[PDB]
Amino acid sequence: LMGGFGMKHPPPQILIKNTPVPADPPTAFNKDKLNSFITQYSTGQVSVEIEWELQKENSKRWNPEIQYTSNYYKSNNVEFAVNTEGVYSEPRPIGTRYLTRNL
Amino acid sequence: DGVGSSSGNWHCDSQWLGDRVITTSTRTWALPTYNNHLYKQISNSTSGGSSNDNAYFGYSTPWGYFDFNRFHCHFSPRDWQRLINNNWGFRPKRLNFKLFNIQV
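Conventions and cut-offs
Residues numbered from 1 in each chain as written, not as in the entry; some residues may be left out. Chains lettered and ligands numbered in written order. Part of a larger assembly, values for the part shown. Heavy atoms only, no water. Helix = DSSP H or I, 4+ residues; strand = E, 2+ residues; numbered from the N terminus. Buried < 20%, exposed > 50% of the residue type's maximum accessible area, 1.4 Å probe, protein only. Contact = heavy atoms within 4.5 Å. Polar contact = N/O pair within 3.5 Å; in protein donor to acceptor, adjacent residues only side chain to side chain. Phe/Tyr/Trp six-rings, centres within 6.5 Å; stacked < 30°, edge-to-face > 60°. Patch = residues over 30% accessible without salt bridge, like charges linked within 9 Å, V, L, I, M, F, W, Y side chains within 5 Å. Areas by Shrake-Rupley, 256 points an atom, 1.4 Å probe, with all protein chains shown as cover. Salt bridge = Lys/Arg side-chain N within 4 Å of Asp/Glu carboxyl O.

Deposited coordinates in this entry are attributed by the record to cryo-EM, at a stated resolution of 2.43 Å.

Looking up chain B in the PDB entry gives the name Capsid protein VP1, with the organism given as Adeno-associated virus 9. The title assigned to this entry in its PDB record is "Structure of the adeno-associated virus 9 capsid at pH pH 7.4 in complex with terminal galactose".

As recorded in the PDB entry, chain A goes by Capsid protein VP1 and comes from Adeno-associated virus 9.

And the structure:
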């Protein structure tokens, strides 16, 4: 209902964790689980590659259609670009529905 | 062929391949007799022209001719939109011309 593709078997969940590294244990045995760990974090890169299938427009419509565009008029910033402070922003929601079909 | 057979069919569509577009246009024309079948010397004198910048000499013919040399002849406005929004460039490659179903 929020939109998109419903699937019985969607892309699976990808779970990641830093494995705990204990700090120095005591030299006499203790049965309690170790609550003392080395402070730790990880970084890396992720690649996601999705192949998308397209359905072309076959239309016989004579007149030109509505299309999504940028507006030429001068502005302080470029839409869908970085800020003067380095902040990327998305100025507007963009749907998919521009081209037309008969009903 | 014969009086009772069509000598060609109407073909007006456009066809978008990967790197190629094929436009086809069919129209209906009418051809009058021009100049009462005569060739005629014409000039700015025959038309009453005056200024030297506009002076000319030439001939009008009984013949007539086809001009498809504008883009709206070959492209619907939608096809034109489809060309200009998606492409850095285009050029013409081949041409095919037909006259058919002549009625005098």
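A few points about the environment of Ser25 of chain B
Residue and element names in this part refer to chain B. Mapped onto the secondary structure, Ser25 falls in the loop between β2 (21-23) and β3 (40-43). Residue classification places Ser25 among the partly exposed residues on the basis of a relative accessible area of 34%. Each residue touching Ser25, except ones within four places of it in the same chain, is listed here: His11, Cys12, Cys73 and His74. A polar contact is formed between the side chain of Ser25 and the backbone oxygen of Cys73, at a distance of 2.6 Å.

Quick notes on the packing of aromatic side chains
Residue and element names in this part refer to chain B. Overall, the coordinates contain 10 aromatic pairs over all chains when judged by the stated rule. Ring centres 6.2 Å apart and planes at 85° place the aromatic pair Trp29 and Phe66 in the edge-to-face group. In this pair, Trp29 is assigned in the loop between β2 and β3 and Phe66 in the loop between β4 (57-60) and α2 (71-74), connecting sequence segments 37 residues apart. By relative accessible area, which is 39% here, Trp29 ends up partly exposed.

Structural notes on a nonpolar patch on the surface
Among the surface-exposed residues, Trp29, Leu31, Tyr34, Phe66, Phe68, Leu95, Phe97, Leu99, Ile102 and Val104 of chain B lie close enough to one another that they form a single nonpolar patch of about 1,100 Å² accessible area. Positionally, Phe97 of chain B belongs in the segment after α3 (77-86).

Focus: the environment of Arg92 of chain A
Residues and elements named next belong to chain A. For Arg92, a relative accessible area of 35% corresponds to the partly exposed category. The sequence separation of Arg92 and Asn35 amounts to 57 residues, and the corresponding C-alpha distance is 48 Å. Discounting residues that sit within four places of it in the chain, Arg92 has contacts with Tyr68, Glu79 and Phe80. There is a polar contact of 3.0 Å between the side chain of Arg92 and the side chain of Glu79.

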